[PDB]
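Participant: Before we start, here is the structure in question, set down as structure tokens.
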Amino acid sequence: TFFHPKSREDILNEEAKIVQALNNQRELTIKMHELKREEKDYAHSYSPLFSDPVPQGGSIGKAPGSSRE
Amino acid sequence: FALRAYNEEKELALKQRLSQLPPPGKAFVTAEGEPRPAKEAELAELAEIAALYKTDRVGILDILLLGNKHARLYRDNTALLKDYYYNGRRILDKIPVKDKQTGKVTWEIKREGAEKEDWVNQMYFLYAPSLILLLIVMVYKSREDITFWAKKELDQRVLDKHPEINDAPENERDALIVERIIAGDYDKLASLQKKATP
Amino acid sequence: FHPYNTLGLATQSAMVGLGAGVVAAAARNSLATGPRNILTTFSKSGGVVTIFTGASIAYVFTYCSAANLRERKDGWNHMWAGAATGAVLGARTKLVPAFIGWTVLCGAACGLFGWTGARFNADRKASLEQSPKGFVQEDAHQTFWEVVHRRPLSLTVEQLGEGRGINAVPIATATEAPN
Amino acid sequence: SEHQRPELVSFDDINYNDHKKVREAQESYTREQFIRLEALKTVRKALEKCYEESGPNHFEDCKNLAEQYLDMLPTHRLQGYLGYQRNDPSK
Amino acid sequence: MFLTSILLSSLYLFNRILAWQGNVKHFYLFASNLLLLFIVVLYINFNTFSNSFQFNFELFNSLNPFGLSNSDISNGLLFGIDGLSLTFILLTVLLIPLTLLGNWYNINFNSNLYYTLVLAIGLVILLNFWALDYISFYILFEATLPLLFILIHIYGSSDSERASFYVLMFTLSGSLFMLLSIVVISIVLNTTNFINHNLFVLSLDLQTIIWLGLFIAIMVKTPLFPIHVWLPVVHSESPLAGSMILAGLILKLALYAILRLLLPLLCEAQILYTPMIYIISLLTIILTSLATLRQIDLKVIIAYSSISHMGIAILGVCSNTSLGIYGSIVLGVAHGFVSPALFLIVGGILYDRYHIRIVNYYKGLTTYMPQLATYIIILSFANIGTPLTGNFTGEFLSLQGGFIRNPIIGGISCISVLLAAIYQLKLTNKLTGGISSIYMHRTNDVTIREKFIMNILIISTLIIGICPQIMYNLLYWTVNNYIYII
Amino acid sequence: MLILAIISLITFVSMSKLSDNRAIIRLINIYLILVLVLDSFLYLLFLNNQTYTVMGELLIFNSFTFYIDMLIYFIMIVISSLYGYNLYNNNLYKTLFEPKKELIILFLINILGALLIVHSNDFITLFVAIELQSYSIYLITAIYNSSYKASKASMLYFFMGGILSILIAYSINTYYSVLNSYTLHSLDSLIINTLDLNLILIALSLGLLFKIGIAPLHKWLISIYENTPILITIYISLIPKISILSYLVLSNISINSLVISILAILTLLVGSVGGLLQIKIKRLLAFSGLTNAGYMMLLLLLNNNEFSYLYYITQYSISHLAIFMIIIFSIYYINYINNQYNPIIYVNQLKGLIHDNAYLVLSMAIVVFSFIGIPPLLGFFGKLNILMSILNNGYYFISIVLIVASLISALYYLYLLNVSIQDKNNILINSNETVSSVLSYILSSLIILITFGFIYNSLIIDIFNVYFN
Ligand SMILES: CCCCCCCCCCCCCCCCCC(=O)OC[C@H](COP(=O)(O)OCCN)OC(=O)CCCCCCCCCCCCCCCCC
Ligand SMILES: CCCCCCCCCCCCCCCCCC(=O)OC[C@H](COP(=O)(O)OCCN)OC(=O)CCCCCCCCCCCCCCCCC
Ligand SMILES: CCCCCCCCCCCC(=O)OC[C@H](COP(=O)(O)OCC[N+](C)(C)C)OC(=O)CCCCCCCCCCC
Ligand SMILES: CCCCCCCCCCCCO[C@H]1O[C@H](CO)[C@@H](O[C@H]2O[C@@H](CO)[C@H](O)[C@H](O)[C@@H]2O)[C@H](O)[C@H]1O
Ligand SMILES: CCCCCCCCCCCCO[C@H]1O[C@H](CO)[C@@H](O[C@H]2O[C@@H](CO)[C@H](O)[C@H](O)[C@@H]2O)[C@H](O)[C@H]1O
Ligand SMILES: CCCCCCCCCCCCO[C@H]1O[C@H](CO)[C@@H](O[C@H]2O[C@@H](CO)[C@H](O)[C@H](O)[C@@H]2O)[C@H](O)[C@H]1O
């Protein structure tokens, strides 16, 4: 009569919630490992304002015919 | 054991009361290793400071409330009492026993009681009964082993498949359950192996 | 596999070890303390040329030979090559137990080096990062780094072998009364 | 007494990410193997009784029970859930 | 009310007790018995009809690092007990107060540090049985080595420096390969938890690699031949509490580690590798027993004796048989009872009286020390596996399992029954036998304290030997959870 | 703030006496604390790993570099506290530890060079900053000019750093000769797999790495660390390493190099073995730093190494500061002052410290077992994350070497603890002089961090996943 253990159903449910939290942390770790080592933009990786990688060089003797696409 | 049995003055006197005595290690020996070398007034003196070791000079509500300067006094002049007591107890093989009416205590022989160790009340009244409780709990949790459950379940499955056993007499159903168990297969393990059936 | 040319690789081995021994002898001659000259590079070198050449010849010869005898390319060949190189390095100390210990221990060490891939570097297309990982999706063959909830039983029986509990059919279904 | 009778779950019908059903299936497998063992022990007890009652007639009277016990002993025993949990016999 | 109020009450009481009486051993023994009682209450409130993990709690979560988690994303350390955990937890809480009381009167310099280290090691071992992931298990499996180093170095015998360095370095050597294994598991599965790790089936060629590291750790911790040489030195040159704790619990952590880390995961690698385990175990049995037959130090003899019984336990746990698992667990428990009693006799009774452990000095204790002789005979015949002691039950069932798995090796391993008797009774016969030694003066017989400890440890093993079945209500799932048979 | 500090302190020190340098150090320590408190909200710029290019395209600012800068400020705070606060107000400790007039200015200029190394995006900035670090740290080694050993170390360090700077400049100008550029942003997949470029890049890496003691070029820096003052050694053994390794980790230059693997294995073996027969404390700690530099070399071969490097460098910095502070605290109990500059040299002078100060030995034990990598301490999680990365990237032999080095180094780490917990005759019973409050608090805080920082690992990972991924 002194034995008052938590029932089997509630034990199973609590363990299941724990395992669900653990699998959620697993999937979050995988997602974060995948969002890292994913190619980012030039604005996010180098320069958010001057977002043009194309260099405009000197200006003192700028020859027409020097630009090229 | 008492609640509030601390009294500053006797400790603050007892400090140099004990400092006037020789060291505990060298008192009862005299450097000649003989109880006889110590004088007999000195011996009674040592006896009545040593009997003060096993006296309630502090309570719970005095250790929880008073300050450090008094507790340190108690501690460092209780260590001396302890060491005097036990060095006499070993060298002389006598404990001090103040008898009832005469107010004079001296080392005596009687060691068939009136002495208890400090670990006994902890163990014999917190540890031993807890292990007895563990034995009780183990014995009565053994009733919940799966063997008994499986026996009851198998009998119940047989009774569900063959309800005709119940109207038979009450001291004959066991043999009939045994007969039907021996005949049939009331387990449901191949029931659970669904993908093994090709 | 494709066989190794033992004598050619071992001749290259010997020339490389000889050059390395010359370089080490020159370095020792220039770093040393006492009076020294261009004479002492080979007089006072502590067998550096013979160390390098012997180790090189022994390692490459034993490696290619074991690869051609065993008819395989694996780390045991590096175990044998390390055994031989250690035997050479231990014959210098003119004692038997030191020779045996050198042989056995450098064999074990180089065999570990070969077991792990025979490289201080990484493969970098067999690593876990660059390889398909995680749970495999639909009945596909489980690769090395992939994970599976439930494996095939034919695969288990082949990898492990029948007996000692592991059988081609479960016991309960195999002993089920045909009813 | 409130004797419990839990529901039987199989590994073949569940999704292994629902851990409750996986534990139900483990416990189901183990419980049914214990029921198999109790059947084996019933057979053994009957064999013992027939031996103790018959004596020299046990060779004839207890024959089927003895053969049944030795047929059941290798197979009606505890053999664990992992072997079926981690292996699909259909492949 | 508050949590902090209650533990601050306990902390203030501890501080005042230390201020007034300058010692901690009474408070630590009170906490010892209180923890034992709390664990018994948890056993009262434990459901035997669920294989699940109970009394779960999570620590060091992102949302509540200094508290318990209720999150839907679990990133901290997981804790919780199964029946297997609870068995060894009962053993641990039974033994801790006895290890404190075994050194009650023989530590007269920096006592409080000794008792702190002892209780700390015990609580680390308890929490290690409470663990439910590879990383919490590891950080509680390796956290004892600093404490053991300090304890053995400061409070140890003549050769204590060597023993301190051994108990750290050997164990760290094995445990770092265990760490490589755990790291591989975590990067491959992205999860570390003992609840659903039998659902993840790795490839065989990777199981066979993870198993190597875990088994090197188990070989250094069990111990097993050829890496068993640290155990005599450490168990010999340590203080009594250290030897008791070590032989009783830290050696059993390896058995628990097999059952909890290596069998549920890595089932196919185990079922391929176990003949190598049987090689190593049979060697560990016979050669260690024979090596015991030529030792001159008593505590060293008992130390060597632990290794053979742990090898029999390894035969049992690596048998793929329910009876073998149950036998290995009963061996662990009964050895954890009996071996600290022998260590008490040879390191706290005799060593406290004579401060020497060489067998040539000891002879004829029966004349002046008869109660001690009775205890020696009882504990010897219990250690060698006499029936009606749990040692026999465990040995019997472990060898049953070993015979079922490999009849030849499991049958050859039954000379354990003989060699145990040889190396134990060759010592008992000399100690109890003959005329009392001329190198030893007379001293007191065993005290009430020593007798209390030995009597607890004898009652326990006799209970579990006369009715081993009382341990089944916490193990009838565990004896089938780690069996790989199709 | 650093340049403001430099331009302020130059004037204020020129117009001040030598009696005021300690208070000047206190002032600038509080300045750095206020900066690290009030200006540290700039972490919000780097949300979702937003990266910024500043001063044209000469500097780069991301979460990595912001973190390394906060770390360098924390280190400078501790090192300045050791100079601005007297341990004991005795004549001895006013003879041993006195700041020189220009020392704080040189420290701040070296910190400037450190940060302009980690923030560099173009090789001209890198070279200017490398030289601003190395000249200042020559002069820091030389400022205690009344020491023969320190002058000698100054000159050795000048010449060896000069040669390695020649190597760096050759690498840079060869890169320019090939690609006509000074920027590593100019590289991509195509340029790497189209041009063979590994000689130049590994020449740069080695010119930077041999400046922090990478084998076989370790003996000179170990001699410099031995022969310098203790309170100079504590700085010159740590901050250059942080700077250069952080640059080499941010710049993905040696992703699968065989040479760097070989030299890292060599660093591990040397840093573990050579420290076994060392009888002196600073050489032992130098070989410890060498093997930790090897552990951090290993993650120059990964391409995803931010978390491991930041964790390990933070914990190594805390442990390094703590152990040097414990050796500085132990001078009150050693029985023989060796020099005015290195008052404690040999490890056996720590014999019996547990009987004079037991909790100092508890601190030593915590730090020693963090160096060994014992859980639940911080070095264990460091080693764990490094192992995770290198095994995820396929370095399986290096891992076993790492374990073996972790084991061999424990012996000389435990030498200290072993001799410290030994017994000694002539113990301390009373002393009316008390050690400083501030330095005691700093050491206790470092020890508590080592001991209880594992509680926050979940939180740190969750923050990393937002600011670095
Ligand atoms: C001429 C014709 C050429 C033909 C073309 C082919 C030639 C191939 C040449 C290969 C290179 C050979 C170089 C030989 C090494 C340099 C000589 C040397 O002695 O190195 C050690 C040097 C001096 O040592 P010493 O003064 O003699 O005293 C020794 C007492 N202990 O002192 C030093 O510190 C210098 C060290 C230089 C080391 C370079 C890096 C070596 C990397 C070590 C590999 C470790 C990897 C193994 C990992 C296993 C892990 C268990
Ligand atoms: C600073 C002081 C001032 C003096 C400076 C002196 C001039 C500087 C010389 C160059 C710069 C020094 C470089 C330092 C040595 C380390 C270079 C290095 O490690 O780069 C090697 C690198 C490949 O290594 P890695 O990228 O790590 O691995 C992947 C392999 N696919 O890249 C490579 O693959 C290298 C390409 C291989 C060719 C090497 C050329 C050597 C040719 C010598 C032949 C001599 C003739 C034979 C012997 C004559 C002796 C008599
Ligand atoms: C930063 C001062 C460093 C000085 C040394 C003191 C350590 C401070 C750690 C805080 C780091 C953080 O909270 O940040 C997490 C960082 C990135 O986050 P962040 O971009 O820098 O934003 C932080 C914004 N602050 C500045 C306002 C806080 O991830 C990491 O890899 C940190 C790895 C370090 C692990 C060491 C843990 C030490 C235990 C800490 C116990 C309180
Ligand atoms: C000091 C104690 C030392 C004892 C510890 C021993 C642990 C050493 C690690 C052993 C496991 C290494 O694992 C090993 O497995 C696979 C085979 O399964 C090898 O197999 C691989 O080898 C390499 C080299 O040719 C190629 O990728 C090849 O195609 C194959 O895939 C790997 O080269 C190695 O990674
Ligand atoms: C002490 C224990 C810890 C040791 C430390 C190292 C742990 C990691 C073990 C090494 C992993 C080696 O793994 C490596 O070899 C296996 C083969 O076995 C290869 O696996 C690949 O093998 C090829 C055959 O060559 C097959 O197509 C197979 O399907 C798979 O794709 C991978 O290229 C790589 O995964
Ligand atoms: C360092 C000394 C070593 C000590 C080792 C012994 C530790 C023993 C701890 C065992 C007690 C764990 O008991 C545990 O029970 C439940 C799990 O269902 C936890 O979780 C409980 O949290 C509370 C939240 O308010 C709610 O009741 C919730 O429904 C849940 O039941 C408790 O927070 C914890 O108390």
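Identifiers in the structure tokens: chain A, B, ... in order shown; residue index from 1 per chain; ligand index from 1 in order shown.
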What are the nearest atom pairs, with distances in Å to one decimal, for all residues of chain E that come at most 7 Å from chain A, using only C-alpha atoms, set out by chain and rising residue number as JSON lines?

Facilitator:
```
{"residue": "E:44", "atom": "CA", "partner": "A:3", "partner_atom": "CA", "distance": 5.7}
{"residue": "E:45", "atom": "CA", "partner": "A:5", "partner_atom": "CA", "distance": 4.4}
{"residue": "E:46", "atom": "CA", "partner": "A:5", "partner_atom": "CA", "distance": 5.4}
{"residue": "E:47", "atom": "CA", "partner": "A:5", "partner_atom": "CA", "distance": 5.4}
{"residue": "E:50", "atom": "CA", "partner": "A:8", "partner_atom": "CA", "distance": 5.9}
{"residue": "E:52", "atom": "CA", "partner": "A:12", "partner_atom": "CA", "distance": 6.7}
{"residue": "E:53", "atom": "CA", "partner": "A:15", "partner_atom": "CA", "distance": 6.9}
{"residue": "E:54", "atom": "CA", "partner": "A:11", "partner_atom": "CA", "distance": 6.8}
{"residue": "E:72", "atom": "CA", "partner": "A:21", "partner_atom": "CA", "distance": 4.7}
{"residue": "E:73", "atom": "CA", "partner": "A:21", "partner_atom": "CA", "distance": 4.6}
{"residue": "E:74", "atom": "CA", "partner": "A:21", "partner_atom": "CA", "distance": 5.1}
{"residue": "E:75", "atom": "CA", "partner": "A:25", "partner_atom": "CA", "distance": 6.5}
{"residue": "E:190", "atom": "CA", "partner": "A:26", "partner_atom": "CA", "distance": 5.5}
{"residue": "E:191", "atom": "CA", "partner": "A:26", "partner_atom": "CA", "distance": 5.8}
```

Participant: Based on only C-alpha atoms, which of the residues in chain B come within 6 Å of chain E? I want them as a PyMOL selection string.

Facilitator: chain B and resi 71+75+127+130+138+142+145

Participant: Taking C-alpha atoms for each residue, export the selection above as a JSON list (two decimals), in the first residue's frame.

Facilitator:
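Result saved to part22.json:
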```
[["chain", "number", "residue", "atom", "x", "y", "z"],
["B", 71, "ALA", "CA", 32.71, 29.00, 18.80],
["B", 75, "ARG", "CA", 36.50, 24.36, 19.72],
["B", 127, "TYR", "CA", 21.71, 3.14, 8.43],
["B", 130, "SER", "CA", 17.29, 1.75, 6.19],
["B", 138, "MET", "CA", 13.11, -6.06, -2.08],
["B", 142, "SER", "CA", 9.73, -9.62, -5.68],
["B", 145, "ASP", "CA", 8.14, -10.25, -10.99]]
```

Participant: Could I get the residue neighbourhood of ligand 6 at 7 Å, counting only C-alpha atoms and all ligand atoms, as a VMD selection string?

Facilitator: chain E and resid 54 to 57 68 123 to 124 126 to 127

Participant: Just N, CA, C and O atoms for this one: save the residues we selected as a PDB file, in the first residue's frame.

Facilitator:
```pdb
ATOM      1  N   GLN E  54      13.158   6.283 -15.508  1.00  0.00           N
ATOM      2  CA  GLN E  54      12.318   6.965 -14.546  1.00  0.00           C
ATOM      3  C   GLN E  54      13.145   7.942 -13.731  1.00  0.00           C
ATOM      4  O   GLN E  54      14.371   7.849 -13.660  1.00  0.00           O
ATOM      5  N   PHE E  55      12.439   8.875 -13.104  1.00  0.00           N
ATOM      6  CA  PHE E  55      13.046   9.961 -12.351  1.00  0.00           C
ATOM      7  C   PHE E  55      14.039  10.723 -13.219  1.00  0.00           C
ATOM      8  O   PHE E  55      15.167  11.012 -12.819  1.00  0.00           O
ATOM      9  N   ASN E  56      13.602  11.042 -14.431  1.00  0.00           N
ATOM     10  CA  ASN E  56      14.457  11.740 -15.373  1.00  0.00           C
ATOM     11  C   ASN E  56      14.626  13.195 -14.972  1.00  0.00           C
ATOM     12  O   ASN E  56      13.719  13.823 -14.422  1.00  0.00           O
ATOM     13  N   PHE E  57      15.805  13.734 -15.254  1.00  0.00           N
ATOM     14  CA  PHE E  57      16.025  15.159 -15.098  1.00  0.00           C
ATOM     15  C   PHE E  57      17.200  15.575 -15.965  1.00  0.00           C
ATOM     16  O   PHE E  57      18.119  14.792 -16.209  1.00  0.00           O
ATOM     17  N   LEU E  68      16.459  22.683 -13.761  1.00  0.00           N
ATOM     18  CA  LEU E  68      15.969  21.558 -14.537  1.00  0.00           C
ATOM     19  C   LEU E  68      15.201  22.059 -15.749  1.00  0.00           C
ATOM     20  O   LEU E  68      14.560  23.109 -15.709  1.00  0.00           O
ATOM     21  N   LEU E 123      29.838  10.279  -4.663  1.00  0.00           N
ATOM     22  CA  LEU E 123      28.747  10.970  -5.336  1.00  0.00           C
ATOM     23  C   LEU E 123      28.968  11.057  -6.837  1.00  0.00           C
ATOM     24  O   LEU E 123      28.001  11.001  -7.606  1.00  0.00           O
ATOM     25  N   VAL E 124      30.219  11.181  -7.278  1.00  0.00           N
ATOM     26  CA  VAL E 124      30.497  11.133  -8.708  1.00  0.00           C
ATOM     27  C   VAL E 124      30.106   9.776  -9.270  1.00  0.00           C
ATOM     28  O   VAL E 124      29.544   9.681 -10.366  1.00  0.00           O
ATOM     29  N   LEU E 126      27.808   7.643  -8.026  1.00  0.00           N
ATOM     30  CA  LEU E 126      26.351   7.631  -8.037  1.00  0.00           C
ATOM     31  C   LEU E 126      25.799   8.349  -9.267  1.00  0.00           C
ATOM     32  O   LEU E 126      25.033   7.775 -10.056  1.00  0.00           O
ATOM     33  N   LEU E 127      26.201   9.608  -9.460  1.00  0.00           N
ATOM     34  CA  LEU E 127      25.759  10.358 -10.629  1.00  0.00           C
ATOM     35  C   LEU E 127      26.144   9.669 -11.929  1.00  0.00           C
ATOM     36  O   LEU E 127      25.435   9.800 -12.932  1.00  0.00           O
TER      37      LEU E 127
END
```

Participant: Residues within 7 Å of ligand 3 should be enumerated using only C-alpha atoms and all ligand atoms and returned as a VMD selection string.

Facilitator: chain F and resid 40 to 41 43 63 66 to 67 70 to 71 74 307 310 to 311 314 to 315 449 453 to 454 456 to 457 460 to 461 463 to 464 467

Participant: Please save C-alpha atoms of the selected residues as a PDB file, in the first residue's frame.

Facilitator:
```pdb
ATOM      1  CA  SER F  40      30.466  45.551 -26.632  1.00  0.00           C
ATOM      2  CA  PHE F  41      26.896  45.922 -27.921  1.00  0.00           C
ATOM      3  CA  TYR F  43      28.021  42.308 -31.599  1.00  0.00           C
ATOM      4  CA  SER F  63      31.985  37.918 -35.225  1.00  0.00           C
ATOM      5  CA  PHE F  66      35.072  40.990 -32.622  1.00  0.00           C
ATOM      6  CA  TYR F  67      35.403  38.036 -30.263  1.00  0.00           C
ATOM      7  CA  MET F  70      37.213  41.300 -26.737  1.00  0.00           C
ATOM      8  CA  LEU F  71      39.512  38.460 -25.692  1.00  0.00           C
ATOM      9  CA  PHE F  74      40.398  40.896 -21.382  1.00  0.00           C
ATOM     10  CA  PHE F 307      33.899  27.198 -32.727  1.00  0.00           C
ATOM     11  CA  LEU F 310      37.531  30.161 -30.262  1.00  0.00           C
ATOM     12  CA  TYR F 311      36.742  27.755 -27.427  1.00  0.00           C
ATOM     13  CA  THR F 314      39.726  31.267 -24.792  1.00  0.00           C
ATOM     14  CA  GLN F 315      40.299  28.357 -22.425  1.00  0.00           C
ATOM     15  CA  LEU F 449      35.524  30.098 -15.001  1.00  0.00           C
ATOM     16  CA  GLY F 453      31.998  27.359 -17.477  1.00  0.00           C
ATOM     17  CA  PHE F 454      30.641  24.059 -18.751  1.00  0.00           C
ATOM     18  CA  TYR F 456      26.864  27.620 -20.177  1.00  0.00           C
ATOM     19  CA  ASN F 457      28.012  25.492 -23.137  1.00  0.00           C
ATOM     20  CA  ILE F 460      27.253  29.509 -26.018  1.00  0.00           C
ATOM     21  CA  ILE F 461      26.388  27.089 -28.820  1.00  0.00           C
ATOM     22  CA  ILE F 463      24.593  32.144 -29.562  1.00  0.00           C
ATOM     23  CA  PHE F 464      27.256  30.839 -31.951  1.00  0.00           C
ATOM     24  CA  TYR F 467      26.222  34.974 -34.903  1.00  0.00           C
TER      25      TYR F 467
END
```

Participant: Produce a table with one row for each residue of chain C that has an atom at most 9 Å from any atom of ligand 2, each row naming the nearest atom pair and its distance in Å at one decimal; use only C-alpha atoms and all ligand atoms; arrange rows by chain and rising residue number; format as a Markdown table.

Facilitator:
```
| residue | atom | partner | partner_atom_place_in_ligand_line | distance |
| --- | --- | --- | --- | --- |
| C:19 | CA | ligand 2 | 50 (C) | 7.8 |
| C:23 | CA | ligand 2 | 50 (C) | 8.6 |
| C:121 | CA | ligand 2 | 28 (O) | 8.4 |
```

Participant: I'd like a table as a tab-separated table: residues in chain C with an atom no more than 6 Å from chain F, each row giving the shortest atom pair and its distance in Å to one decimal, only C-alpha atoms counted, sorted by chain and rising residue number.

Facilitator:
```
residue	atom	partner	partner_atom	distance
C:116	CA	F:396	CA	6.0
C:121	CA	F:258	CA	5.4
C:122	CA	F:394	CA	5.0
C:127	CA	F:394	CA	4.8
C:128	CA	F:392	CA	5.3
C:129	CA	F:392	CA	5.9
```

Participant: Quick one: DSSP alpha helix (DSSP H) residues in stretch 387-467 of chain F, as a PyMOL selection string?

Facilitator: chain F and resi 387-392+397-420+437-452+457-467

Participant: Got a sec to check which residues lie within 10 Å of ligand 4, using only C-alpha atoms and all ligand atoms, and send them as a ChimeraX atom specification?

Facilitator: /C:73-75,108-109,111-119,122-127,144 /E:173-174,177,180-181,204-210,212-213,216 /F:394-397,399-401,403-404

Participant: Within 7 Å of ligand 1, counting only C-alpha atoms and all ligand atoms, which protein or nucleic acid residues do you find, written as JSON, numbers by chain?

Facilitator: {"C": [16, 17, 19, 20, 21, 22, 23, 24, 27, 28, 31, 32], "F": [216, 262, 263, 265, 266, 401]}

Participant: Record the distance separating atom CA of residue E:305 and atom CA of residue E:291, expressed in Å with one decimal.

Facilitator: 9.8 Å

Participant: Taking only C-alpha atoms into account, report as a short mmCIF file (atom, residue, chain, number, x, y, z; two decimals) with N, CA and C atoms, in the first residue's frame which residues of chain E lie within 10 Å of chain D.

Facilitator:
```cif
data_model
loop_
_atom_site.label_atom_id
_atom_site.label_comp_id
_atom_site.auth_asym_id
_atom_site.auth_seq_id
_atom_site.Cartn_x
_atom_site.Cartn_y
_atom_site.Cartn_z
N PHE E 49 7.26 -2.69 -13.66
CA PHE E 49 6.57 -3.13 -14.86
C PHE E 49 6.76 -2.18 -16.03
N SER E 50 7.79 -1.34 -15.98
CA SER E 50 8.16 -0.50 -17.10
C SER E 50 9.67 -0.56 -17.28
N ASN E 51 10.09 -0.89 -18.49
CA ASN E 51 11.50 -0.87 -18.87
C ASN E 51 12.03 0.54 -19.08
N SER E 52 11.16 1.53 -19.13
CA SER E 52 11.54 2.90 -19.40
C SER E 52 12.46 3.44 -18.32
N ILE E 195 18.72 6.32 -24.50
CA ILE E 195 17.31 5.95 -24.57
C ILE E 195 16.96 5.33 -25.91
N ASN E 196 17.41 5.95 -27.01
CA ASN E 196 17.04 5.55 -28.36
C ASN E 196 18.24 5.23 -29.23
N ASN E 198 19.67 2.27 -29.52
CA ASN E 198 19.50 0.99 -30.19
C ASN E 198 18.63 1.10 -31.44
N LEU E 199 18.02 2.25 -31.68
CA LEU E 199 17.28 2.49 -32.92
C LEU E 199 18.18 2.86 -34.08
N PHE E 200 19.37 3.37 -33.81
CA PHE E 200 20.31 3.79 -34.84
C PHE E 200 21.25 2.63 -35.15
N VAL E 201 21.09 2.05 -36.33
CA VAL E 201 21.90 0.93 -36.78
C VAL E 201 22.99 1.47 -37.68
N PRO E 264 23.90 -2.35 -26.40
CA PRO E 264 22.71 -1.83 -27.11
C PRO E 264 23.04 -1.19 -28.45
N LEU E 265 24.00 -0.27 -28.47
CA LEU E 265 24.68 0.05 -29.71
C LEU E 265 25.63 -1.09 -30.06
N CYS E 267 25.73 -3.82 -31.74
CA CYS E 267 25.36 -5.21 -31.49
C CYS E 267 26.08 -6.16 -32.44
N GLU E 268 26.17 -5.78 -33.71
CA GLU E 268 26.80 -6.65 -34.70
C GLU E 268 28.32 -6.70 -34.54
N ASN E 320 25.66 -13.23 -24.41
CA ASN E 320 24.42 -13.21 -25.16
C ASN E 320 23.40 -14.18 -24.57
N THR E 321 23.42 -14.33 -23.25
CA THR E 321 22.50 -15.19 -22.52
C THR E 321 22.00 -14.45 -21.29
N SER E 322 20.69 -14.52 -21.07
CA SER E 322 20.07 -13.84 -19.94
C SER E 322 20.69 -14.26 -18.61
N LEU E 323 20.90 -15.57 -18.43
CA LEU E 323 21.50 -16.06 -17.20
C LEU E 323 22.89 -15.48 -17.00
N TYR E 476 14.57 -8.09 -14.65
CA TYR E 476 13.94 -8.99 -15.60
C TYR E 476 13.73 -8.37 -16.97
N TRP E 477 13.87 -7.05 -17.09
CA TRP E 477 13.97 -6.43 -18.40
C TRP E 477 15.41 -6.41 -18.89
N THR E 478 16.34 -6.09 -18.00
CA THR E 478 17.75 -5.96 -18.37
C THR E 478 18.33 -7.28 -18.84
N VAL E 479 17.81 -8.41 -18.35
CA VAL E 479 18.32 -9.70 -18.81
C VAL E 479 17.84 -10.08 -20.20
N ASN E 480 16.96 -9.29 -20.82
CA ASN E 480 16.51 -9.51 -22.18
C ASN E 480 16.70 -8.30 -23.09
N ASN E 481 17.11 -7.15 -22.56
CA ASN E 481 17.26 -5.96 -23.38
C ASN E 481 18.52 -5.95 -24.23
N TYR E 482 19.52 -6.77 -23.89
CA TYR E 482 20.84 -6.73 -24.51
C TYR E 482 21.21 -8.08 -25.10
N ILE E 483 20.24 -8.78 -25.66
CA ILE E 483 20.42 -10.11 -26.24
C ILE E 483 20.12 -10.01 -27.72
N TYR E 484 21.08 -10.41 -28.54
CA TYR E 484 20.98 -10.34 -29.99
C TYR E 484 20.85 -11.76 -30.53
N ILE E 485 19.60 -12.21 -30.67
CA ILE E 485 19.28 -13.50 -31.27
C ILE E 485 18.08 -13.30 -32.18
N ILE E 486 18.20 -13.73 -33.43
CA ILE E 486 17.10 -13.70 -34.38
C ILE E 486 16.44 -15.07 -34.37
#
```
